[PDB]
C-alpha cells in the first residue's frame, strides 16, 4: 500500500516488486494461519452432538475460505455467481504469455581459456494481445 | 547559401551538410512561427461579423501556407495546377531508395573477452535508376 513512488525503496522503485518463487512444497505452504485444530466447547459432562455437527459445517466454511477463497471475487464464484472487474477494482488481465529462455555456449579458444565455456542465453518471443475493446479511459500495461 | 566550397566549414565540407532527425514529436514541430492566436480589430463597441468571417478565411490561407505550402511549387499544387522543375530551379529527383542496415555479432573467445560481443553491421543493397532521358547538359548526382 505505498502511497507515492517516493515511498518505495531503492530496489523496488527501480526494478519492480518481488514476486513469489515458482510453486513447490516449501514456497507454496498453506497460508500461515491455517487451522491445525478447531476447538468446541462442551458442558462439564455432556456434548451436544447436534452442535458438533454444526461446528464442523462452520469449520468447513472457514477452511474453504482460508485455503482458496480469501478474495471476495473467489467467494462469490464459490456460489456459482460472478463479479465484474469493477466489483473489487481488479485490473483486467488481457493476455498472459509464458516461455523458457534458452541460448548457447561460447567456446573459449586461447591458451588458458581453451576448454572453457560461457553461457549466452538469447530467446526470441511473441506476445500478442487480440483486439480488445476499451470501455473507459485508462492504461494498457504490459509487464514481464 | 554558401558561395564557394571554401565558405564551408571543416565538418560540412568534408562530410556533407547535416539533415533532420527522423520525424517524431520533438523533431517535427510545426514551424516555429506558427500562429497561436489571430487578432482582429474591432470598433470600440461593435464587431463586424462579416469581417470576422473574412478574417477567418484570410487566416486559413495563412495557415495552409505555414503548415504545408511554404514552397512556391506546393502552393501551385494547392490550386490543382503544376510546375516544371525549371520553375523554381529544383533538382529533379530521379530515384529514392531506403533500407535498414543490419549485420551480426562477433563472439569474444579469450580468457577475458569470453562472453563479450562486438557488433559488425554489414548490409548489401541495390539502388537502381530506370533509363532516364537527359533533356539538357548537366549532372546526375547520387547521395547517401
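Protein chains in written order, with the entry's author numbering: chain F, 145 to 288; chain F', 145 to 288. A prime marks a further copy of an entry chain. Just so you know, even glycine gets a beta-carbon here, dropped at the ideal spot from N, CA and C.
For residue 251 of chain F', the uninterrupted beta strand (DSSP E) segment begins and ends at 247-251.
For the options F'/218, F'/182 and F'/243, the alpha carbon positioned closest to that of residue 204 of chain F' is the one of F'/182.
Assignment of beta-bridge partners to residue 263 of chain F' by DSSP yields F'/249.
Within chain F, no C-beta atom comes less than 9 Å from the C-beta of residue 263 of chain F'; the nearest is roughly 14 Å away.
Burial is judged here by how many other beta carbons sit within 10 angstroms of a residue's own beta carbon; residue 283 of chain F' has fewer than 16 and is exposed. Within the region 176-207 of chain F, not one residue has a Cβ closer than 7 Å to any Cβ of chain F'. Straight-line measurement puts the Cα of residue 239 of chain F at about 12 Å from the Cα of residue 270 of chain F.
If you draw a straight line from the Cα of residue 151 of chain F to the Cα of residue 145 of chain F, it is about 10 Å long. Between residue 253 of chain F and chain F', the shortest Cβ-Cβ separation is below 8 Å. Within a 10 Å sphere around the beta-carbon of residue 195 of chain F' sit fewer than 16 other beta-carbons, which makes this residue exposed. By the 16-neighbour rule on beta-carbons within 10 angstroms, residue 273 of chain F' is exposed.
For residue 237 of chain F', not one C-beta of chain F is nearer than 8 Å to its own C-beta. Using a C-beta cut-off of 8 Å, the region 251-258 of chain F makes no contact with the region 217-237 of chain F, since fewer than three inter-stretch Cβ pairs fall below that distance. Counting along the chain, residue 204 of chain F sits inside the alpha helix (DSSP H) bounded by residues 193-212.
About 29 Å separates the beta carbons of residue 187 of chain F and residue 210 of chain F, which is beyond the 8 Å limit, so they are not a contact pair. If you compare the alpha carbons of F'/153, F'/256, F'/174 and F'/157 with that of residue 213 of chain F', the shortest gap goes to F'/174. If you look at residue 186 of chain F', you'll find it isn't in any alpha helix (DSSP H); DSSP assigns it neither H nor E. Residue 262 of chain F' and residue 242 of chain F' have their C-alpha atoms roughly 25 Å apart. Interface flag for residue 256 of chain F against chain F' is set, since a Cβ pair is found closer than 8 Å.
Counting only residues of its own chain and dropping the five nearest sequence neighbours on each side, residue 266 of chain F has a CB closer than 6 Å to the CB of 247. Pairing residue 217 of chain F' with residue 278 of chain F', the inter-Cα distance amounts to about 22 Å. Apart from sequence neighbours up to five positions away, the residues of its chain that approach residue 207 of chain F' with a beta-carbon distance below 8 Å are 179, ordered along the chain. No Cβ-Cβ contact shorter than 8 Å links residue 256 of chain F with residue 258 of chain F'. Per DSSP, reduced to three states, the secondary structure at residue 242 of chain F is coil, with no helix or strand assignment. Straight-line spacing of the CA atoms in residue 215 of chain F and residue 163 of chain F works out to 18 Å. Interface flag for residue 260 of chain F against chain F' is set, since a Cβ pair is found closer than 8 Å. The beta carbons of residue 220 of chain F and residue 226 of chain F sit closer together than 8 Å.
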